[PDB]
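To start, the structure itself, in structure tokens.
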Amino acid sequence: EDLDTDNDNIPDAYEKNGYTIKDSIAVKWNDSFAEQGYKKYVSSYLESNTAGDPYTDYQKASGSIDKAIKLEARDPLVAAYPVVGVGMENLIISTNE
Amino acid sequence: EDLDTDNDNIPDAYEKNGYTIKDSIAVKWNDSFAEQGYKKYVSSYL
Amino acid sequence: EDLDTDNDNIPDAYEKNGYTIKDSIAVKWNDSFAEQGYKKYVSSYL
Amino acid sequence: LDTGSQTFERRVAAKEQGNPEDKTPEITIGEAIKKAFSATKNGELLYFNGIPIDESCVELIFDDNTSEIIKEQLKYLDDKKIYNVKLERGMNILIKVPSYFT
Amino acid sequence: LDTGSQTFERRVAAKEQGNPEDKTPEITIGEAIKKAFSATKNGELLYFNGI
Amino acid sequence: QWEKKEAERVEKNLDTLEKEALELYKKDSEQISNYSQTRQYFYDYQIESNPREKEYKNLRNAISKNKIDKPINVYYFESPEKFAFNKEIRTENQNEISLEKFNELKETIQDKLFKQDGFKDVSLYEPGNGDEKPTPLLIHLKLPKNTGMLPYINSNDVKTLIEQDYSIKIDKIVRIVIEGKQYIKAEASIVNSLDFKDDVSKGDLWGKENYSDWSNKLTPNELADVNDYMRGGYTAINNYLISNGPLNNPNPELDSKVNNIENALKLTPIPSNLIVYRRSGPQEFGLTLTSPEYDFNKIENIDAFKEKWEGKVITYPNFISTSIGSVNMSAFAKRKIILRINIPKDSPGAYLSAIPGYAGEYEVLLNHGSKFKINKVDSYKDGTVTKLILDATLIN
Ligand SMILES: [Ca+2]
Ligand SMILES: [Ca+2]
Ligand SMILES: [Ca+2]
Ligand SMILES: [Ca+2]
């Protein structure tokens with residue numbers, strides 16, 4: 001049916017049963033176009049940001065986010081999330097005598 | 001039919017088949033005016 | 001006629017053929033008032 | 001995913017245990033590993049860039065509470081594969097790809 | 001493009017392979033080089049400034 | 001950055017009562033908006049007694065206190081029944097628009113001239129993410145040279161308050177995708193004109209000017225004809241023509257005098273696009289002073305009248321007496337219908353009020369058998385009665 005509780009442009013039934021994005025709108029999933037390349041998405045129909053990141057379920061699912069983001073994070077269940085660390089390579093010591 | 005999905009003033013059919021700009025409006029490409037100086041542009045309609 | 005493609009308060013027919021400004025409105029250039037001191041301007045209508 | 005030459009850290013959303021209002025969809029650990037690394041599957045195999053990361057061909061490592069959950073839930077389940085338990089919150093999995101393996 | 005004394009770096013948009021909702025028009029390397037360096041074509045020959 | 005600075009700067013060089021009207025706008029946006037849309041349809045004492053007139057004209061002068069220097073592109077949402085599309089494009093919890101509704105809308109919004117009215121807030125950029133989008137129809141308008149725009153702040157954002165004395169002209173509609181919903185982007189224009197909603201002094205001044213010498217460039221024969229027309233000629237000509245005389249009943253002298261007062265009108269047609277008003281009872285649409293249809297007080301009878309006339313062709317074989325002042329009079333007080341005609345250029349007709357000795361005050365008249373395309377219909381309540389404004393266009 002068509003009622004949108006979290007107001008993120010994916011209906012509740014589609015969110016709880018499975019959907020995909022075609023021409024930048026959500027459409028009810030059908031097993032026939034898994035061969036055409038489409039992936040099945042599922043989300044929380046009571047949350048806009050299911051994964052907790054700054055992008056809604058529709059923004060992640062439809063790819064309409066930063067294009068440098070991995071295609072992994074185009075799933076509303078996987079969070080777009082950077083893991084940054086630092087590594088030291090050598091140390092210099094200036095003895096001010 | 002004229003519908004602009006990405007909303008950037010170029011319809012989907014022009015954008016996926018070829019267009020050009022004349023007086024700042026996108027027009028359907030005709031192979032005639034390739035020797036008047038115009039160029040054929042294609043891009044993503046989404 | 002009077003259409004303004006680039007929206008700069010000068011019609012397209014005046015920009016390509018020559019115009020002048022009189023009382024803060026652009027008027028079509030007539031060659032008779034070059035002796036009053038006016039000057040003939042031309043521009044891109046796009 | 002500790003390939004040995006690299007490392008890829010992921011975060012997959014999991015449902016809160018008690019709350020009846022947490023409508024997050026449940027998935028197994030294997031589906032989570034497939035989604036988080038966009039691995040492409042081949043029958044029962046699960047291929048990363050070129051590397052198999054299916055349960056038989058890796059070396060999983062958990063913390064104490066994750067190992068407790070998974071051991072607890074392997075018994076009350078059938079088909080005792082770790083890729084069939086389903087991803088509670090706070091789990092910590094580390095997939096080590098083996099150096100030599102035939 | 002490295003003409004020996006100058007250098008001209010370009011970026012041309014290419015289509016993502018697996019995505020069916022990627023509609024970026026597909027072109028060849030010749031069309032890409034021609035579009036990216038404003039090169040003039042006369043049949044079999046593609047010309048830069050005079051190169 | 002720019003709009004924030006200029007807006008916060010205009011909110012200082014405003015007069016104290018102007019800022020009063022602007023801040024009491026942030027409270028009665030709907031109420032003062034509707035009152036600006038329908039203020040001019042009363043009596044004069046009913047006008048200067050209304051407590052909203054102070055803030056109304058204070059806000060109007062605040063707006064017109066800063067006119068732009070070059071055309072601007074603005075964007076704002078609109079409901080479909082603002083353009084006589086009395087169905088739904090799609091409910092705002094749906095995501096798609098059917099080709100059928102697209103074709104219906106295109107069929108009904110392509111060939112009219114929708115007059116606008118009152119104040120309205122607009123934006124200078126298309127809607128994005130976070131903006132409120134309650135209606136499927138997005139109007140992209142072009143505001144021309146010298147149109148008052150007032151930038152104000154609701155404590156986080158900027159709105160452009162403008163006043164609408166123009167008439168929008170739809171050019172093309174396209175179906176757009178925004179955030180996974182399907183809206184309609186319609187490109188609009190303006191076709192300016194003149195109207196004298198309440199300040200009828202400019203009305204009679206300008207009419208006096210542009211038709212005074214119309215009395216003395218023609219033969220005095222049809223002049224004496226219209227002189228008899230003054231005091232009881234027109235009533236007999238109405239008694240004759242509206243019954244479709246010349247086709248089934250040749251009235252020799254009255255048909256001759258009709259031709260004589262018709263060729264007395266195209267000397268110099270209406271010299272501008274104007275918005276002339278007409279007061280009419282339940283007769284001009286074929287009913288009676290107390291018909292069951294007349295009880296417009298329940299909006300279902302309104303809907304019935306809408307389906308009856310909205311989007312049709314009306315013709316008047318009589319000579320049409322109309323007024324250039326929306327202020328209501330007494331001699332035709334309770335006539336619950338108002339034809340707000342937009343008389344265009346090249347319109348054969350004169351200012352019948354220039355002649356001294358005619359009871360028609362601010363009264364104009366045009367050719368017989370003229371056409372009238374009812375472009376829209378709306379209601380407004382005087383006391384407990386719901387009078388009916390009808391916005392049509394004369395195309396003869
Ligand atoms: Ca939803
Ligand atoms: Ca959701
Ligand atoms: Ca487009
Ligand atoms: Ca211009």
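All residue names refer to the structure tokens as shown: chains lettered A, B, ... in order, residues numbered from 1 in each chain, ligands numbered from 1 in order.
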| task | Counting only C-alpha atoms and all ligand atoms, name the residues that have an atom within 12 Å of an atom of ligand 1; the answer should be given as a PyMOL selection string. | result | (chain A and resi 1-19+26+42-50+56-58+76) or (chain D and resi 23) or (chain F and resi 93-95+180)
Let me have all residues with an atom within 10 Å of ligand 4, counting only C-alpha atoms and all ligand atoms, laid out as an mmCIF file with C-alpha atoms, in the first residue's frame.
```
data_model
loop_
_atom_site.group_PDB
_atom_site.id
_atom_site.type_symbol
_atom_site.label_atom_id
_atom_site.label_comp_id
_atom_site.auth_asym_id
_atom_site.auth_seq_id
_atom_site.Cartn_x
_atom_site.Cartn_y
_atom_site.Cartn_z
ATOM 1 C CA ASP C 2 10.410 42.973 -27.816
ATOM 2 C CA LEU C 3 11.649 39.729 -26.274
ATOM 3 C CA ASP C 4 14.552 39.561 -23.824
ATOM 4 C CA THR C 5 16.367 36.230 -23.986
ATOM 5 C CA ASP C 6 19.175 37.176 -21.602
ATOM 6 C CA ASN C 7 17.043 39.447 -19.358
ATOM 7 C CA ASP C 8 19.116 42.627 -19.428
ATOM 8 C CA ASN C 9 16.271 45.088 -20.167
ATOM 9 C CA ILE C 10 17.293 45.453 -23.836
ATOM 10 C CA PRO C 11 15.251 43.574 -26.472
ATOM 11 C CA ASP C 12 16.983 41.127 -28.788
ATOM 12 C CA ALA C 13 16.161 43.172 -31.887
ATOM 13 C CA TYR C 14 17.860 46.222 -30.377
ATOM 14 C CA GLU C 15 21.008 44.434 -29.219
ATOM 15 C CA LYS C 16 21.867 43.085 -32.674
ATOM 16 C CA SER C 43 25.727 43.795 -27.761
ATOM 17 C CA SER C 44 25.030 40.090 -27.585
ATOM 18 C CA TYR C 45 21.351 39.320 -27.151
ATOM 19 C CA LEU C 46 22.330 35.978 -25.578
#
```
| said: So that I can check the secondary structure, give me every residue of chain E assigned strand (DSSP E) by backbone DSSP, as an MDAnalysis selection string. | reply: chainID E and resid 40:42 45:47
Compile the contact shell of segment 48-56 of chain D as a tab-separated table (two decimals) with C-alpha atoms, in the first residue's frame: residues with an atom at most 9 Å away, counting only C-alpha atoms, same-chain residues fewer than 2 positions apart removed.
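And here is the file that came out, around-v2.tsv:
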```
chain	number	residue	atom	x	y	z
D	1	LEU	CA	38.35	-8.39	6.64
D	3	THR	CA	43.30	-9.97	3.69
D	30	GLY	CA	26.77	-14.62	6.03
D	33	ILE	CA	29.45	-10.38	5.30
D	34	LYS	CA	28.15	-10.46	1.73
D	37	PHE	CA	32.07	-6.22	1.38
D	38	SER	CA	29.87	-6.45	-1.75
D	39	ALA	CA	31.22	-9.97	-2.21
D	40	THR	CA	29.94	-11.87	-5.23
D	41	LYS	CA	28.73	-15.40	-4.54
D	44	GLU	CA	28.07	-21.76	-1.92
D	45	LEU	CA	31.36	-19.92	-2.38
D	46	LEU	CA	31.63	-16.21	-1.57
D	58	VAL	CA	38.77	-18.23	6.46
D	59	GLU	CA	39.75	-17.86	10.13
D	60	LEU	CA	37.05	-16.08	12.14
D	81	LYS	CA	27.50	-23.00	10.40
D	82	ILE	CA	28.60	-19.69	11.91
D	83	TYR	CA	27.32	-17.95	8.77
D	95	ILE	CA	37.86	-12.47	9.16
D	96	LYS	CA	41.50	-13.52	8.72
D	97	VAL	CA	42.37	-14.73	5.23
```
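In this comparison, which uses only C-alpha atoms, the residue of F:31, F:189, F:384, F:182 approaching residue 23 of chain A most closely is F:182.
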| request: Extract, using only C-alpha atoms, all DNA, RNA and protein residues at most 10 Å from residue 1 of chain E, discarding same-chain residues fewer than 4 positions from it, and format them as a PyMOL selection string. | output: chain E and resi 6-10+33+36-37+48
Write a file of the selected residues as a PDB file, in the first residue's frame, keeping N, CA and C atoms.
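Final output, saved to out00.pdb:
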```pdb
ATOM      1  N   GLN E   6      54.571  20.518 -23.416  1.00  0.00           N
ATOM      2  CA  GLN E   6      53.398  20.800 -22.605  1.00  0.00           C
ATOM      3  C   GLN E   6      52.806  19.487 -22.115  1.00  0.00           C
ATOM      4  N   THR E   7      51.774  19.593 -21.284  1.00  0.00           N
ATOM      5  CA  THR E   7      51.066  18.431 -20.771  1.00  0.00           C
ATOM      6  C   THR E   7      49.633  18.845 -20.483  1.00  0.00           C
ATOM      7  N   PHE E   8      48.682  18.007 -20.891  1.00  0.00           N
ATOM      8  CA  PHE E   8      47.260  18.310 -20.782  1.00  0.00           C
ATOM      9  C   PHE E   8      46.558  17.111 -20.166  1.00  0.00           C
ATOM     10  N   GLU E   9      46.075  17.264 -18.939  1.00  0.00           N
ATOM     11  CA  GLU E   9      45.398  16.193 -18.225  1.00  0.00           C
ATOM     12  C   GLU E   9      43.892  16.399 -18.285  1.00  0.00           C
ATOM     13  N   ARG E  10      43.154  15.306 -18.477  1.00  0.00           N
ATOM     14  CA  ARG E  10      41.717  15.373 -18.697  1.00  0.00           C
ATOM     15  C   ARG E  10      41.023  14.299 -17.871  1.00  0.00           C
ATOM     16  N   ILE E  33      39.167  10.775 -26.631  1.00  0.00           N
ATOM     17  CA  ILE E  33      40.325  11.637 -26.862  1.00  0.00           C
ATOM     18  C   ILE E  33      39.931  12.839 -27.708  1.00  0.00           C
ATOM     19  N   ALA E  36      37.935  15.206 -25.512  1.00  0.00           N
ATOM     20  CA  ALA E  36      38.694  15.725 -24.386  1.00  0.00           C
ATOM     21  C   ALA E  36      39.811  16.659 -24.793  1.00  0.00           C
ATOM     22  N   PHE E  37      40.280  16.620 -26.040  1.00  0.00           N
ATOM     23  CA  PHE E  37      41.296  17.584 -26.439  1.00  0.00           C
ATOM     24  C   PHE E  37      40.853  18.469 -27.595  1.00  0.00           C
ATOM     25  N   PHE E  48      45.688  17.480 -32.997  1.00  0.00           N
ATOM     26  CA  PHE E  48      45.757  18.455 -31.919  1.00  0.00           C
ATOM     27  C   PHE E  48      46.057  19.807 -32.548  1.00  0.00           C
TER      28      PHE E  48
END
```
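Atom CA of residue 29 of chain D sits 22.5 Å away from atom CA of residue 31 of chain A.
Residue-level contact on chain A: within 6 Å of chain D, counting only C-alpha atoms, the set is residues 44, 51, 72, 77, 78 and 79 of chain A.
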Go ahead and save the picked residues with N, CA and C atoms, as an mmCIF file, in the first residue's frame.
```cif
data_model
loop_
_atom_site.group_PDB
_atom_site.id
_atom_site.type_symbol
_atom_site.label_atom_id
_atom_site.label_comp_id
_atom_site.auth_asym_id
_atom_site.auth_seq_id
_atom_site.Cartn_x
_atom_site.Cartn_y
_atom_site.Cartn_z
ATOM 1 N N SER A 44 14.143 -0.139 7.795
ATOM 2 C CA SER A 44 13.198 0.109 8.870
ATOM 3 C C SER A 44 12.199 1.159 8.411
ATOM 4 N N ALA A 51 20.801 2.837 8.983
ATOM 5 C CA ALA A 51 22.159 2.500 9.389
ATOM 6 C C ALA A 51 22.725 3.461 10.423
ATOM 7 N N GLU A 72 29.239 -0.598 -1.574
ATOM 8 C CA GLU A 72 28.792 -1.330 -0.395
ATOM 9 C C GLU A 72 27.753 -0.531 0.373
ATOM 10 N N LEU A 77 21.345 -1.008 4.990
ATOM 11 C CA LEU A 77 21.793 -1.705 6.186
ATOM 12 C C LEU A 77 23.270 -1.499 6.479
ATOM 13 N N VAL A 78 24.087 -1.276 5.462
ATOM 14 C CA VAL A 78 25.509 -1.005 5.634
ATOM 15 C C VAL A 78 25.707 0.495 5.744
ATOM 16 N N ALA A 79 26.464 0.918 6.750
ATOM 17 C CA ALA A 79 26.658 2.333 7.030
ATOM 18 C C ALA A 79 27.847 2.879 6.255
#
```
| note | From the list E:23, E:16, E:43, E:28, the nearest residue to ligand 3 using only C-alpha atoms and all ligand atoms is E:23
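In plain terms, chain A touches chain E through residues 21, 22, 23, 24, 36, 37, 38, 39, 62, 63 and 71 of chain A, where touching means an atom at most 10 Å away, counting only C-alpha atoms.
In the backbone-derived DSSP annotation, helix (DSSP H, G or I) within chain B comprises residues 12, 13, 14, 15, 16, 17, 31, 32, 33 and 34 of chain B.
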Using the selection just defined, write its residues with N, CA and C atoms as a short mmCIF file (atom, residue, chain, number, x, y, z; two decimals), in the first residue's frame.
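New file part.cif:
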```
data_model
loop_
_atom_site.label_atom_id
_atom_site.label_comp_id
_atom_site.auth_asym_id
_atom_site.auth_seq_id
_atom_site.Cartn_x
_atom_site.Cartn_y
_atom_site.Cartn_z
N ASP B 12 14.52 13.81 -21.24
CA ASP B 12 15.18 12.51 -21.23
C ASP B 12 15.52 12.04 -22.64
N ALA B 13 14.59 12.24 -23.58
CA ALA B 13 14.79 11.75 -24.94
C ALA B 13 15.95 12.47 -25.62
N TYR B 14 16.00 13.79 -25.49
CA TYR B 14 17.12 14.55 -26.02
C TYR B 14 18.42 14.10 -25.38
N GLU B 15 18.40 13.93 -24.06
CA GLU B 15 19.62 13.63 -23.33
C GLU B 15 20.17 12.25 -23.66
N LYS B 16 19.31 11.29 -23.99
CA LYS B 16 19.79 9.95 -24.31
C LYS B 16 19.95 9.70 -25.80
N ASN B 17 19.41 10.56 -26.66
CA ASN B 17 19.59 10.39 -28.10
C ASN B 17 20.49 11.43 -28.73
N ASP B 31 21.07 16.05 -37.97
CA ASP B 31 22.40 15.95 -38.56
C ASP B 31 22.66 17.03 -39.60
N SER B 32 21.66 17.85 -39.93
CA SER B 32 21.86 18.93 -40.89
C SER B 32 22.82 19.98 -40.36
N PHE B 33 22.59 20.45 -39.14
CA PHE B 33 23.37 21.57 -38.61
C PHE B 33 24.63 21.15 -37.89
N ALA B 34 25.23 20.02 -38.28
CA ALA B 34 26.60 19.75 -37.88
C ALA B 34 27.61 20.54 -38.69
#
```
| Near-segment 351-358 of chain F list (8 Å; only C-alpha atoms; drop same-chain fewer than 5 positions) as a PyMOL selection string | chain F and resi 207-208+211-212+215+230-231+363-365
Go ahead and save the residues from that selection, with N, CA, C and O atoms, as a PDB file, in the first residue's frame.
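The resulting file, selection_18.pdb, is shown below:
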```
ATOM      1  N   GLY F 207      -9.942  57.185 -17.068  1.00  0.00           N
ATOM      2  CA  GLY F 207     -11.023  57.038 -18.032  1.00  0.00           C
ATOM      3  C   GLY F 207     -11.468  58.367 -18.613  1.00  0.00           C
ATOM      4  O   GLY F 207     -11.661  58.496 -19.826  1.00  0.00           O
ATOM      5  N   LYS F 208     -11.658  59.367 -17.748  1.00  0.00           N
ATOM      6  CA  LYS F 208     -11.873  60.737 -18.190  1.00  0.00           C
ATOM      7  C   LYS F 208     -10.822  61.164 -19.198  1.00  0.00           C
ATOM      8  O   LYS F 208     -11.155  61.746 -20.235  1.00  0.00           O
ATOM      9  N   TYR F 211     -10.895  59.013 -22.928  1.00  0.00           N
ATOM     10  CA  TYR F 211     -12.094  58.957 -23.756  1.00  0.00           C
ATOM     11  C   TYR F 211     -12.900  60.252 -23.753  1.00  0.00           C
ATOM     12  O   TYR F 211     -14.058  60.242 -24.186  1.00  0.00           O
ATOM     13  N   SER F 212     -12.333  61.365 -23.278  1.00  0.00           N
ATOM     14  CA  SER F 212     -13.082  62.619 -23.269  1.00  0.00           C
ATOM     15  C   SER F 212     -13.294  63.158 -24.677  1.00  0.00           C
ATOM     16  O   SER F 212     -14.401  63.588 -25.018  1.00  0.00           O
ATOM     17  N   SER F 215     -15.964  61.880 -27.468  1.00  0.00           N
ATOM     18  CA  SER F 215     -17.298  62.435 -27.649  1.00  0.00           C
ATOM     19  C   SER F 215     -17.391  63.367 -28.852  1.00  0.00           C
ATOM     20  O   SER F 215     -18.502  63.620 -29.331  1.00  0.00           O
ATOM     21  N   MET F 230     -29.042  56.630 -23.051  1.00  0.00           N
ATOM     22  CA  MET F 230     -28.713  56.996 -21.677  1.00  0.00           C
ATOM     23  C   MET F 230     -29.842  56.685 -20.702  1.00  0.00           C
ATOM     24  O   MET F 230     -29.610  56.030 -19.678  1.00  0.00           O
ATOM     25  N   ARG F 231     -31.061  57.137 -20.997  1.00  0.00           N
ATOM     26  CA  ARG F 231     -32.125  57.204 -20.005  1.00  0.00           C
ATOM     27  C   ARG F 231     -33.230  56.180 -20.200  1.00  0.00           C
ATOM     28  O   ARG F 231     -34.318  56.359 -19.645  1.00  0.00           O
ATOM     29  N   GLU F 363     -18.680  53.348 -15.461  1.00  0.00           N
ATOM     30  CA  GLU F 363     -19.348  52.338 -16.270  1.00  0.00           C
ATOM     31  C   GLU F 363     -18.767  52.319 -17.676  1.00  0.00           C
ATOM     32  O   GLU F 363     -18.564  53.375 -18.285  1.00  0.00           O
ATOM     33  N   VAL F 364     -18.504  51.119 -18.181  1.00  0.00           N
ATOM     34  CA  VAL F 364     -18.010  50.912 -19.536  1.00  0.00           C
ATOM     35  C   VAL F 364     -18.909  49.895 -20.226  1.00  0.00           C
ATOM     36  O   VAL F 364     -19.689  49.189 -19.573  1.00  0.00           O
ATOM     37  N   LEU F 365     -18.803  49.829 -21.550  1.00  0.00           N
ATOM     38  CA  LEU F 365     -19.637  48.953 -22.357  1.00  0.00           C
ATOM     39  C   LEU F 365     -18.910  48.604 -23.648  1.00  0.00           C
ATOM     40  O   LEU F 365     -18.163  49.419 -24.197  1.00  0.00           O
TER      41      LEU F 365
END
```
